[PDB]
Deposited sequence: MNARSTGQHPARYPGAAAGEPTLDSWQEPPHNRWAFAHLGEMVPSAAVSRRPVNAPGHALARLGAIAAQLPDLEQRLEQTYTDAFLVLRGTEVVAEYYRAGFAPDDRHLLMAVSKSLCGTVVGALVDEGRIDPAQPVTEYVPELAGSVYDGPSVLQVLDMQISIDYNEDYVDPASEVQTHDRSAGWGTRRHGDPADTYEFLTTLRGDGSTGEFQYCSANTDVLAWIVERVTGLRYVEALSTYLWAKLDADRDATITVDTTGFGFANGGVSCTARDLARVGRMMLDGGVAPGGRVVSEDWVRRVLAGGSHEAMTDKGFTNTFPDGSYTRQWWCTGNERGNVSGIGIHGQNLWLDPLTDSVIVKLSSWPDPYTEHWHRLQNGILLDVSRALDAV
């Protein structure tokens, strides 16, 4: 039992509707207006082939930038300096207003929602996860504080070998609908989370996507809103975005908070703009000045033992669902597999969005190239 969860619609029974009941009353009134949430669906374009390159100014400083973007399988690239879009690139076949999967950049958005609730006093990061999700008692999340989830400083037995279907990484995906269910798999994401275990130690960084989903679960218990709605109410609806964002949902309607959000490059930049504006967005304050300051300040360096990160960023750290480089520019970034970045360059008051599709989720090679681009573009924005 995973306890109470936000109903898919007002008055809906637990877990309703399912793929086999959405056509029945009372579910159908809701389902007929949100079928994409139940069945895979394609867009039928209202509009009746070549890459779009508008690298503007930085072009002179970075002559081979377009080629570098192509080399890193770039789908969408956008640089926002202050409130102005100063550079843009979209591969052939990807429109400027098309949406792109964010993978783990989604985590930084979730952390933002949590931050909003902390500001409201609805969530106390010092409290144990079980204070908000009692059903996580008996799991690896029994004992750790919400802040430890936010900073991913919980030791968890989590097999990351996606080649092995028995791995936690693969099981997590199947439990959420990202892959075909296998006999024995948990019914939904909530159930999957309760199956996680660890030695009980905390304090050391361990990147684990399950942590973000636990944060989303906490968000639901504290607000009573489906994570999908909370993500809109506390963040998306305040950005004055061009388009809605989307998020994959599991069989209960629970959004895949750790990596299932998709949005346009320009809209993602609005999240970065909000961060560089002390937590304020066009529709109102999203998070407190303090929350933003803590994100830019970074997490405990000693907790960060991931060489994949520290080899490039020796003084790097992680906090509140954001990667902190700890470099001379104080760069902080949301990061997602296959080349997704919501990169903040406070020095130039700029945001760099890079959405890609590397053939591999992660390799030292791709990261070296990707970071080289983000750093070069950041430096190209410096006053000279």
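According to the record, C-alpha coordinates are lacking for deposited residues 1 to 4, 53 to 56.
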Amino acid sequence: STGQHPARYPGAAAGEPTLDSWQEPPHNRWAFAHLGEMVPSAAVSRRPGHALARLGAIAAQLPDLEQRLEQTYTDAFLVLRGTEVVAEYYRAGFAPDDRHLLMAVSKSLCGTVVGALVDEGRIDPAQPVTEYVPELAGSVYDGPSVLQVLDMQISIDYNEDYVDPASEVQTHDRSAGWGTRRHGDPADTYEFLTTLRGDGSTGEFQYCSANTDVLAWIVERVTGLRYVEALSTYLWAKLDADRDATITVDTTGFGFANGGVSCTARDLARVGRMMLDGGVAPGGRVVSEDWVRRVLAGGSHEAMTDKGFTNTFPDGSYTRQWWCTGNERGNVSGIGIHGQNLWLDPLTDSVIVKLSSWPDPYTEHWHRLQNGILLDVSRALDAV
From here on, numbers count along this sequence of modelled residues.
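Here 167 to 175 and 232 to 240 are compared by their mean Cα B-factor, and 167 to 175 comes out higher. Look at the mean CA B-factor for 294 to 302 and for 188 to 196 in the entry; the higher one is 188 to 196. Of the candidates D267, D98, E135, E220, it is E135 whose Cα B-factor is highest according to the PDB record. The PDB entry gives the largest Cα B-factor of the residues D151, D213, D157, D250 to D157. Compared with the other modelled residues of the chain, the Cα B-factor recorded for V86 ranks in the highest third. Residue-level temperature factors show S139 in the highest third of its chain, judged at the C-alpha atom. Sort the chain's modelled residues by C-alpha temperature factor and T348 lands in the highest third, per the entry. Remark: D75 belongs to the lowest third of its chain, ranked by C-alpha B-factor as recorded. Ranked within its chain, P63 lands in the highest third, by CA B factor from the PDB record.
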